[PDB]
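Observations on chain architecture
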Amino acid sequence: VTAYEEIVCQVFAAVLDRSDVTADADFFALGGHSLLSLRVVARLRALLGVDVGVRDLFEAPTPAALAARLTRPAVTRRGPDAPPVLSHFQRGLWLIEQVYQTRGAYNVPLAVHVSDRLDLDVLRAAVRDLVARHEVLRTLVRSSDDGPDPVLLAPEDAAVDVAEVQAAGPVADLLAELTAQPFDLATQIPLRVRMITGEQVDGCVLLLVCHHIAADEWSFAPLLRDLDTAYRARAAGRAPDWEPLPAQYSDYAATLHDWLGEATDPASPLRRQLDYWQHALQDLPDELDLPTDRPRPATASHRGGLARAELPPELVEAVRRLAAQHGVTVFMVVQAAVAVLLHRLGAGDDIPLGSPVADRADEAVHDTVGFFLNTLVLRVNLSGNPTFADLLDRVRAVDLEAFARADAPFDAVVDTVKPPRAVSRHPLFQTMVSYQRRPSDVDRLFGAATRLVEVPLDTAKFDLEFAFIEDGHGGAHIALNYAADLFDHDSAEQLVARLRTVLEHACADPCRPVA
Ligand SMILES: *P(=O)(O)OCC(C)(C)[C@@H](O)C(=O)NCCC(=O)NCCOC(=O)[C@@H](N)CC(C)C
């Protein structure tokens, strides 16, 4: 869970009085010692509500290690002859695509503007190195009677898909179209690479499209890192000089499967976490009374738009202060604000919000390529006329309770809860809230000037998806990915603007009742 990691970071920063606390920063190297160790332990106990001690800090002196310490066997490499293993999370992504026919909605884009036009032959060679390094990028998925079956292509058998595209109209719409193009994972590797050039394009835009089964947003940094390494090596006519991965995704999947156990085992983590979610999601609403422009259609088209709400740096910093002062993450502030927004729009006091949680505590997978996101239903209650500060306490309690049962795959949770189904409605929740941080130090890739560019998606996965997105070099914005079937664009622009308004009011005076 990344949430533990940012809480430990916020605690390190406050105690050491430093603004440079990263997930890999050693507490004692940061300037800490035994005296300040007591203050870190005391603050983490009051915030996290778990019995943490000096021992945990000593053995795990970095936020990533300490967070992982609070979250199960370590991932072990299974040897070269081991067959591929699809994780439960991958199986869930395969199910939603087959059962709900989401076409291209789950494709993950990663677009980088490059001041130089890249060499297509070197890029293709580098993509082959990237695919050879990360087995998940050359793992096909084929249907069967039992379900999906992984098929690991050998590096020499994985035909990479690398092509240059000349941009006619605006580049942003081309990026969205290329992203929406569906994969056939039975015959194509889950990676498409496109270099967009044109008279309007200065240099090129490098677009990586991954099928979600093979990458999450947390994979952007290792993707660009490794692709840059391979491109530079291939431009010099050599193979990239890198060590093997400490673990492949199949290693992570096998370890997760063995630890989860069988749902029929009363002592297995799977059944115990499923039992929690069965109780926690009792009497859940089928859906929230949101203000749509059109009724929910019989079948979902999964068309969508993207409405941005720019946040002034002073608002981003005020939101950070509000999170730090109440001992919550920025995500919890955003999640609380979204709950207030839907509440003020008439959704009631019982607000289920879907949210991704990253299962990247193990150091063998903490910085690797793959899909490590589970989906949790964060059920926030707004009854009793709470203030926003009160809500931040409720949200923290709901989230921490949820983060302790984050391994039960969301599809098993849907099976256990058994809500009424509808192919045009995502079950258990239809609004997702997430916090995302884009990679830093990706400005000099491929020996050029580079910058990430956001892709304006033409697809949507739920009714509403709110994302607080930090760019990695200072700024932040809210991205609302809305279902076009339900909302017009201007309704979504208004929705994302009213969320910023709620955030502005919460920072100004968190003691206002949310009603
Ligand atoms: P954190 O890891 O930074 O902890 C700080 C210290 C330095 C470990 C702190 O615990 C500490 O001061 N340890 C020192 C303990 C120590 O050295 N005691 C000396 C023993 O003195 C006596 O007890 C005395 N009876 C010695 C006899 C042999 C005469």
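Residues numbered from 1 in each chain as written, not as in the entry; some residues may be left out. Heavy atoms only, no water.

Comments concerning unusual backbone geometry
One non-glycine residue, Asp17, lies in the positive phi region at around 50°. Tracing the backbone through its elements, the reader meets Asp17 in the loop between helix 1 (2-16) and helix 2 (34-48). Judged by its relative accessible area of 69%, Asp17 falls in the exposed class. For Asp441, which is not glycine, the phi dihedral falls at a positive 55°. Here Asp441 shows up in the loop between strand 10 (431-437) and strand 11 (450-453). Classification of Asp441 by relative accessible area gives exposed; the value is 73%. (Helix = DSSP H or I, 4+ residues; strand = E, 2+ residues; numbered from the N terminus. Buried < 20%, exposed > 50% of the residue type's maximum accessible area, 1.4 Å probe, protein only.)

Describing the packing of aromatic side chains
Across all of its chains, the model carries 12 aromatic pairs by this definition. Among the aromatic residues, those joined into a ring-pair cluster are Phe12, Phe27, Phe28 and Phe58. Directly above the ring of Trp242 sits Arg133, whose terminal nitrogen or CZ lies 4.4 Å from the centroid. Between the NZ or CZ atom of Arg192 and the centre of the ring of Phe183, over which it lies, the distance is 4.0 Å. (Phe/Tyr/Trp six-rings, centres within 6.5 Å; stacked < 30°, edge-to-face > 60°. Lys NZ or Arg CZ within 6 Å of the ring centre and 35° of its normal.)

Observations concerning the nonpolar core
By size, the foremost hydrophobic cluster in this structure holds 182 residues, and its most contacted members are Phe12, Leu123, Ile196, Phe388 and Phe403. Per element, the largest residue contribution to this core is 13 residues, and it comes from helix 12 (residues 330-347). Residues in contact with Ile196, not counting those within four places in the same chain, are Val165, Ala167, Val171, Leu174, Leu175, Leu178, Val201, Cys204, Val205 and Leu207. (Core = buried A, V, L, I, M, F, W, Y, C linked by side-chain atoms within 4.5 Å. Contact = heavy atoms within 4.5 Å.)

A closer look at helix 1
Under the 1.5 Å per step criterion, the end-to-end length of helix 1 is 21 Å for 15 residues, consistent within 8% with the ideal 21 Å. For helix 1, the buried fraction is high: 11 of the 15 residues fall into the buried class. Here helix 1 has its buried residues at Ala3, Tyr4, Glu5, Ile7, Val8, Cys9, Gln10, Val11, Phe12, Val15 and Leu16. The first or second residue beyond helix 1 is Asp17, which carries a positive phi of 50°. (Expected span 1.5 Å × (residues − 1).)

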